[PDB]
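Naming follows writing order (A, B, C, D and E), and every chain is counted from residue 1.
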Amino acid sequence: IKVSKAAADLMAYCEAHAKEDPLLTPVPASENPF
Amino acid sequence: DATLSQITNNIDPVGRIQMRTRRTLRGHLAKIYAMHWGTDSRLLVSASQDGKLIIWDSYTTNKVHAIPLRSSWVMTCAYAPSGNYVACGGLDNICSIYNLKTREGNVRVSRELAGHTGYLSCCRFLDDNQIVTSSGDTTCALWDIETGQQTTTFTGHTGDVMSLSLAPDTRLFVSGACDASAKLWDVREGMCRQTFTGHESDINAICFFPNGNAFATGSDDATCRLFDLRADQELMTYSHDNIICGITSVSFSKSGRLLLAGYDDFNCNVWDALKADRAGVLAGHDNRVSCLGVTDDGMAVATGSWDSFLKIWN
Amino acid sequence: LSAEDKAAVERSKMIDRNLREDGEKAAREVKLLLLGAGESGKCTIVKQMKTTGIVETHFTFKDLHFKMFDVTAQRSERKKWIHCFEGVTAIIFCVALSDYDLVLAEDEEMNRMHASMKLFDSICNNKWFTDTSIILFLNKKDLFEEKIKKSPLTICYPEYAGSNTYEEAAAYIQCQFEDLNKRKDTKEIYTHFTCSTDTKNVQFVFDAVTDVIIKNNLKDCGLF
Amino acid sequence: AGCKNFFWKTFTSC
Amino acid sequence: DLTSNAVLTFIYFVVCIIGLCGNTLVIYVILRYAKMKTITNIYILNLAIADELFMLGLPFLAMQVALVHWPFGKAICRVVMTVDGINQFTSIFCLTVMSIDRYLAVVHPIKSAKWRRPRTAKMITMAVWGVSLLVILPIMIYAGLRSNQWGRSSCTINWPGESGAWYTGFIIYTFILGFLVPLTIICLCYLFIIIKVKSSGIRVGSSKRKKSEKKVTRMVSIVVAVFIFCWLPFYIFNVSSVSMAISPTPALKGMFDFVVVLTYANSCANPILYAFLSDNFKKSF
């Protein structure tokens, strides 16, 4: 398995799954329980 | 022939991550060593040298359960995905598992795993029956709560094993030892599949990528290395001239973008995990951090240091 | 004002009071950590106590609760768990004086006293035990006298030169173990010659811990 | 009365 | 006599600003850097708060010694005399309970583990503020104004009835429980500590009690010295003034105002002495 293929796979998975709080934080101060 | 750091120039680098102390957690009187997040992302368990396993919720900031441990010199603790059992590995080589949801109000000792010969570094939960425990005798063991005896043994590490992490499918799991080597093992096959000898110091922390084909390792020479299970080669490394101390806590985000890393310089760092740059720095702790755990849904990040103070970051 | 979860909050304050009481009781007692070079003769301290990687022996003497912890059974490297004993009241370093001519069973070239001094040098030059004090006990006093009566003592220490007696060799090896650490101001080394007496050993322990807990209070208040 | 010169902290003239 | 009140207002101001910045620094390290769980930590914190309020009432006394006229009022003088009174007795009582806490911790290191506690220290400080309000009863119920023939007005404690009875009765009331009793308790507590350290040193045989006892003896010496130098001359001046009538003299006014700044300087140096010269406080700061 090529290392460039695994690198492209990691980049594709990181760009497809981006609905997280620490990265962009799109939720307001009322949605999060903290 | 192509590295990951040289192909990430298309995507822009993430800016400074603004994470403040949302809910401070006090009450402990001893240094915290390890923690674990549940599947509900609400309850968390912490262990300190005072011999008290305290489980509570980070939302309302109030204690729920406090189990008095037999051995006060506890070094690790884990939380089951279902939330019924909780295990802690002390210096007495006893992986004491306690049942939370019981008939009576008091907590009763469910089982004790005293088959290991070395100190328990860390443990992880597979399900309500099976449990993997990492000890200090250069081996790992898969125990059964219902049986109570050691079922599977993995002897492939030439040094003291300090770290362990599981995958979402609970099929593959990597482990790091003091011999600067990370090895992959199976829960059903029972032998080492792949190995990585890219590190050159004492590996103290580890974490599994949510994708399932990669993972990161943190050694004591102030650097992290991102390995993969497909190509068997170091993808990239993270090392700065500022960090000089060891790394005792490595975690990932909900997807694996913000590589969490806990150092001994009284603060925590956040790497981009793609371009090898410290995106954010989290300070506020008096002593060096010991545990660093991110929720499954990536809601918040909990940090526990040796100052008996738990801090939640969002 | 949190009426739907008032019982949960009340239970939280109740167990928090028990945590403060347990932490207060933990500060009232005394925790002692003893070390050795594998075979040093630490069993003599078990008989002085009134009463599995590590063991814990608790005993109350002169209205003071002591807790001795043995970590000799830990076959792993000490550098990965020596920081787990921070904040202890006292540290003990058991060592037999007569174990100076025997060779350790590691490479047939390492003396027992050399390995004991190396372990003492490692546990002293560490960032974890900078504030704690070491109360070392010299075991096998009578056996050391019978062994030094027919030994020149020049095999262990080549630079040593003196009369072949006990009153001078014991004082010489005492100063050698005292000037081995670098933190001569924060750490304090207490040398004690153990004899065939149990009430005398437990009395020196109580007097040594009393001096330690006093010097700790002077550092917190600011007198010392 | 009395008109003390210095009693506690004050200067009271007569 | 203009340059006399000018330099007096000067030394009254510099001791006030060094008290504001000095006490606020101690409070900043205690609340932010240090922890509030240590028994001696909240003791210095309570002493710093008592020293802060004592320095806040100092400009009122500094304005009274600058010009003879008191244009503030009556009710404002009643509250500032209570504040100056409640802070003086609190700081004195704080030094007493601190010496007792040090005495119990050194002489009886076994019984002190169960005697003093964070909850117990809070009850001790609550009792300190309680007894301090009890000893200032005549100061609150006998405060008033005094008018002069030249139009000047001076606010002081007035005692109804015949003179020479309530004045000498109150001057010995504050001398016993404010100077005599607190000093003897601090002296006896510090003396027992020296004996306890000397006894523990000769019993352990560690041959290291030389530098340890010398530092504690020097610390006790400088504490008692600054306590005597700023409280003994001020007290004997009050007793000698109320016992025998003394003629008004500008040198006596300057001397009376000088020992007051020394008393304020002692309350200014006491929190910084327990903080700067301490080991745990210097490590946190």
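Here is the rule we use: contacts are C-beta pairs under 8 Å (C-beta built on N, C-alpha and C of every residue); 3 or more make two chains touch, one makes a residue touch a chain.
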Treat touching chains as neighbours and tell me the shortest step distance from subunit C to subunit E.
1
Any chain that touches subunit C and subunit B
none
Excluding subunit B, groups that stay connected where the other chains sit:
A | C, D, E
From subunit E, the most remote chain by mean C-alpha position
A
Relative to subunit C, largest Cα-centroid distance belongs to chain D
Check: interface with higher C-beta contact count, A-B vs D-E, is A-B
Chain centres from averaged Cα atoms put subunit D and subunit E apart, in whole Å, by 23
The distance between the C-alpha centres of subunit A and subunit D, rounded to whole Å, is 79
In whole angstrom, the CA-centroid distance of subunit C from subunit D equals 66
Where the CA atoms of subunit A average out and where those of subunit E average out, how many Å apart are those spots?
62
Chain contact topology under the given definition, line, ring, star, complete or other?
line
Check the chains against each other and report every pair that touches.
A-B, B-C, C-E, D-E
So in the complex, the part of subunit B that touches subunit C is made up of which residues?
27, 29-31, 33, 49-52, 54, 56, 60, 62-64, 66, 68, 71, 73, 75, 91-93, 114, 117-119, 121, 136-137, 160, 162, 178, 202, 306
Contact residues on subunit E for subunit D in the complex?
61, 64-65, 68, 84, 146, 148, 150, 152, 154-157, 159, 163-164, 167, 171, 237-238, 241-242, 245-246, 248, 252-253, 256, 260
Would you mind writing out the residues of subunit B in touch with subunit A in their complex?
1-4, 7-8, 11, 14, 17-19, 22-23, 58-59, 209-211, 213-214, 228, 230-233, 235, 253-258, 270, 273-274, 294, 298-301, 312, 314
Residue ranges of subunit C in contact with subunit B within the complex:
5, 8-9, 12, 15-16, 18-20, 22-23, 26, 52-54, 56, 69, 71, 74-77, 80-81, 84-87
Given the complex, residues on subunit E that touch subunit C span 38, 40, 101-102, 105-106, 109-110, 112-114, 117, 193, 196-197, 200-201, 203-204, 206, 208, 212, 215-216, 219, 274-275, 277-281
